[PDB]
Amino acid sequence: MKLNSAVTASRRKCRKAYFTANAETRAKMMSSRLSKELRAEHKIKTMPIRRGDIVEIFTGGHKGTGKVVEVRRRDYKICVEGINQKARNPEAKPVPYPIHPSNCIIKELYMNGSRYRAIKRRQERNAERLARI
Amino acid sequence: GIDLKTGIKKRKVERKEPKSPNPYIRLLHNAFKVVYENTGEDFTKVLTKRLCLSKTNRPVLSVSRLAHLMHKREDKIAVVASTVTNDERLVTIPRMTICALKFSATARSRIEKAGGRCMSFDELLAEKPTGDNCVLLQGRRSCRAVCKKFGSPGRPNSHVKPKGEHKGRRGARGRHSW
Amino acid sequence: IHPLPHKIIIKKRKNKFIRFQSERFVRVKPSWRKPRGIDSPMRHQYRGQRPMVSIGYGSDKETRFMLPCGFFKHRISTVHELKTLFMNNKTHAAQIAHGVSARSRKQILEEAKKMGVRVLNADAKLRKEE
Amino acid sequence: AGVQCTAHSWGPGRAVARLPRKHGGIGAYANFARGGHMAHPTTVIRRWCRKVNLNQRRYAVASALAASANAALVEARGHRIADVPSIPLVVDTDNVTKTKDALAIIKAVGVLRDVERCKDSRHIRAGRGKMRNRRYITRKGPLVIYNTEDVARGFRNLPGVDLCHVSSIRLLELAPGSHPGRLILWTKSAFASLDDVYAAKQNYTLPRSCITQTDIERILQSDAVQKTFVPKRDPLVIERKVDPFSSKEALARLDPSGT
Amino acid sequence: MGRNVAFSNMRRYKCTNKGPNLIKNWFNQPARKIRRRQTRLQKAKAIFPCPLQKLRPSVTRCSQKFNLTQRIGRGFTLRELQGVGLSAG
Amino acid sequence: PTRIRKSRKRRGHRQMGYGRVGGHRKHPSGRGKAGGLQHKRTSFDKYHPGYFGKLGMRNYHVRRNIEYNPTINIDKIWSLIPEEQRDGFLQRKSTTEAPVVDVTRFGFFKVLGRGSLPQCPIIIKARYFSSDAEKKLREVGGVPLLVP
RNA sequence: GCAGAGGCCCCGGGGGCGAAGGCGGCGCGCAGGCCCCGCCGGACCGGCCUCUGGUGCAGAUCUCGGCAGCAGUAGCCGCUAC
RNA sequence: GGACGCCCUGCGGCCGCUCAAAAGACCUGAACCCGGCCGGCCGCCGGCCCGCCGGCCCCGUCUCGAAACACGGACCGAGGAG
């Protein structure tokens, strides 16, 4: 059970948080498990999804691997490259099938310079936790 | 079709069972009713019905009443279908066997200190079920304050008292007041 | 699949005791309601009126609740619940509940087949092979 | 609610009904009206809390604990007691600070089947209970009463297990559903201090024990009661009316000489 | 309906729907105990050695109904103080 | 509560137990105990004698503590002695050492004589005493005594 | 019978292998009602014990929403006119 | 959020497409009411193969007494009072 009474277990209040979250919270909420190779490399279980990330969806329709090309935060869904809806005619624009970030596992990350710093910041806080918090 | 109202005074309801949720009372009523059915003794019929009576019908008998009631017959076991409450006013209680549905803590101690026995209805059923050397004793049923105020205060032959303070002189100062 | 011999089931009224004036208006539903009006022809039971529900219409206690196959009904929802019918319920029979899915109905029916318990709805949801 | 509208009755003579109506004739301020006040609105002044005397609120706990000592009652309350070595069960358990270790004690003492029956039970409740923060229902199982131990940290997450200190035992935990017979795992310290808790209940004498149903059948079956029993007189033979005149034999029962 | 009924000494509810608010609900009881404990705990922390309560005298309960019992009173008289040789300060 | 109530069993019965000829109307007999000397005189006379009038001297402020006089009886003096103490006192008799019971300490001011003291000298200390109290107390051998 | 609460539903109640509901049709009950079956539907639902009620409709010139016959009816006849 | 083909002066039809499903401007889709096809001859209760015979005033309501030429009520759904 939860001993911090300051937090809410109300279905209505919690759902409002998800539906109406600030962008900075929406981004963390949209996170995906790193692959076991990346877990050994960066020593972090999950990273928030970015645009340039190779991802393997283990979902039911559209299971596959792809690089994210669009992150739609308002719908809370990401669009990898490759995974698309069936096209009515061959001569038509391909529509990406929106996939939940939770339905996919990251295979490669866009390291940037802020992402390197963020992995370091988390690694330090995780080490302090591992030292008997 | 059949005139069956000319001489019939109508069914009269009685407590054929104990309305008590208390298991022990239901278990003893069934126990003594089975005895009464098998052995048709008045003592077991009166006990069977006494167990089914309501709390208002069954008043407490004190250890000073039972002493006085059993003064001539200390040997006979005094069967009460309610609770024995001690009377501190009787400094010295005499020794007797008593069997009651309940006994107050002071009344269990006083009788035991005297050398008397506080038996229970289960012990009576085991030892003297039909009721040999036993007397069924009862408390005063009209002792209830509510019983005293039943009637029509204000009527000439009431001898009752009004419910509430009243504090006025009309009808209360005499047969001729009012 | 065969019950105890039993005594002929006699039903006092086949029809269902429709409420009064339920034919005239859709708003009055046919569920029986005691007629309770000052000038109610039904409550006065005048000639030609509908019949009135009474305990006289009650069926024989010995054959009451019995289904036309001579068996009584116990509504089973699981294979553990086939333990009521297992405890020597030679008189009763089993009905599987409507919620129970065809996956579970197959398991329940196999247990019943071993016990010899008769299942009233044994064709239910058996649509070809899933 | 229902009374912020300004509605006054249009009155007799407009071929309308006589209920309060607003400016356009919309019905208002009435239980039947849409947007009207309730006929008798709920109030917060209802008595929510009932009163129980200490003596009876101390009989309830004691009788519930007595039911816990009764395996038959504990099985009837739905607990899996087949492997539990004794009921009541007392287990020495130094502070257990890890759920894995707590489960290992539960597996050894045979309470695990009950702890599992709770885990598997997790389901979504039917009704608006789901909406009103009561979404998941899990069957209630072991109860761990503790004293002088930190066994709480270890058993808290276990599913269906509730933990209470001997000093403050709760009847609602003792009799979940108003049904006596919770499986209680007593820690050695708690069970050996139970008599101290009752002794420290000041002027309280535990309700005196009474007889059981089994003991009154034995007492009724005792020879003393059986000796008092007298054999009942033989009953009337009712028979059924027959026409005696037609049958020689039927007349013979009533008129032997004539036939 | 009547028969012998003691008459009521209850007063009719006043200001029931409009007025000062003459209803005190006690749902704030469990949480008032908590607030009051915390205030005492915080005041106690602010003066650790000092007790929260000052010594107050033993005084006879007033009236003939409680003459022979004693209760705590507001404070010591200046004669009681001179018996121990202590000024009011 | 609500489920096991009579008004739940009156559904479908219209009037709800109040009668066709005269139904539940608001305040048919009036509001309150109004009508005592007029329309309800029969009730206020049959069951309320003394309701109307004035009967005594009026004290503007009764002083509840000067008025309070608690009473004991010659029968309950010995229950005030602790039980372990009482038995020794009873056998010894001891005119030399008989148990003084200050009823004032136990909360009582006047000693009445409802029943009977045991036959052992006692000594009872009280603000006031009845006549048949002192007679019963002094027959037992005890002395009525007054305490400040 | 309804809607909620605390329990129970012997490996942990029933459910996309189809919930509630809707529509028809059996059965059972003196009846209030209950059950099942087919079909439509597309995520929830209970039996039993204990508990709580804003708990059951034919009426109120009842409220609000829909809507019939009337009825292809009465009418679309001020200001000269196309 | 409707592929393509066809016929349209066009409006729009059609075929089908996307989808698990049109769920197509929207979940389920009731009752009243209505149209096509399709039986039947017409309300209730009782008997029988089932259209004949026999019984059958309009309920609620106050009321001595209501089928009343007393009152309220077109219909249906939801809400609606110890």
# chains A, B, ... in the order shown; residues from 1 in each chain; ligands from 1
>>> interface_residues(of="chain B", to="chain F", cutoff="7 Å", atoms="only C-alpha atoms", output="count of residues only")
14
>>> closest_atom_pairs(of="chain F", to="chain H", cutoff="12 Å", atoms="only C-alpha atoms (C1' of nucleotides)", output="JSON lines")
{"residue": "F:2", "atom": "CA", "partner": "H:82", "partner_atom": "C1'", "distance": 11.6}
{"residue": "F:5", "atom": "CA", "partner": "H:82", "partner_atom": "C1'", "distance": 11.1}
{"residue": "F:6", "atom": "CA", "partner": "H:82", "partner_atom": "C1'", "distance": 10.2}
{"residue": "F:7", "atom": "CA", "partner": "H:82", "partner_atom": "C1'", "distance": 7.0}
{"residue": "F:8", "atom": "CA", "partner": "H:82", "partner_atom": "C1'", "distance": 9.7}
{"residue": "F:9", "atom": "CA", "partner": "H:82", "partner_atom": "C1'", "distance": 12.0}
{"residue": "F:10", "atom": "CA", "partner": "H:82", "partner_atom": "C1'", "distance": 10.1}
{"residue": "F:11", "atom": "CA", "partner": "H:82", "partner_atom": "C1'", "distance": 11.1}
{"residue": "F:14", "atom": "CA", "partner": "H:81", "partner_atom": "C1'", "distance": 10.5}
{"residue": "F:15", "atom": "CA", "partner": "H:82", "partner_atom": "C1'", "distance": 10.6}
{"residue": "F:16", "atom": "CA", "partner": "H:82", "partner_atom": "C1'", "distance": 8.1}
{"residue": "F:17", "atom": "CA", "partner": "H:82", "partner_atom": "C1'", "distance": 10.1}
{"residue": "F:18", "atom": "CA", "partner": "H:82", "partner_atom": "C1'", "distance": 10.4}
{"residue": "F:20", "atom": "CA", "partner": "H:62", "partner_atom": "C1'", "distance": 8.4}
{"residue": "F:21", "atom": "CA", "partner": "H:62", "partner_atom": "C1'", "distance": 8.2}
{"residue": "F:22", "atom": "CA", "partner": "H:62", "partner_atom": "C1'", "distance": 10.5}
{"residue": "F:23", "atom": "CA", "partner": "H:62", "partner_atom": "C1'", "distance": 11.4}
{"residue": "F:24", "atom": "CA", "partner": "H:82", "partner_atom": "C1'", "distance": 9.9}
>>> closest_atom_pairs(of="chain A", to="chain D", cutoff="10 Å", atoms="only C-alpha atoms", output="CSV")
residue,atom,partner,partner_atom,distance
A:1,CA,D:157,CA,7.9
A:9,CA,D:133,CA,7.4
A:10,CA,D:133,CA,5.7
A:11,CA,D:133,CA,6.1
A:12,CA,D:131,CA,7.9
>>> write_last_selection(atoms="C-alpha atoms", output="PDB file, in the first residue's frame")
ATOM      1  CA  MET A   1       0.000   0.000   0.000  1.00  0.00           C
ATOM      2  CA  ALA A   9      -5.121   6.663  -5.534  1.00  0.00           C
ATOM      3  CA  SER A  10      -8.408   8.065  -6.902  1.00  0.00           C
ATOM      4  CA  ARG A  11      -9.126   6.674 -10.376  1.00  0.00           C
ATOM      5  CA  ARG A  12     -10.560  10.052 -11.430  1.00  0.00           C
TER       6      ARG A  12
END
>>> residues_around(residues="residue 132 of chain F", least_positions_apart="2", cutoff="10 Å", atoms="only C-alpha atoms (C1' of nucleotides)", output="list in words")
residues 74, 111, 112, 113, 114, 115, 129, 130, 134, 135, 136, 137 and 138 of chain F
>>> residues_around(residues="residue 144 of chain B", least_positions_apart="5", cutoff="12 Å", atoms="only C-alpha atoms (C1' of nucleotides)", output="count of residues only")
9
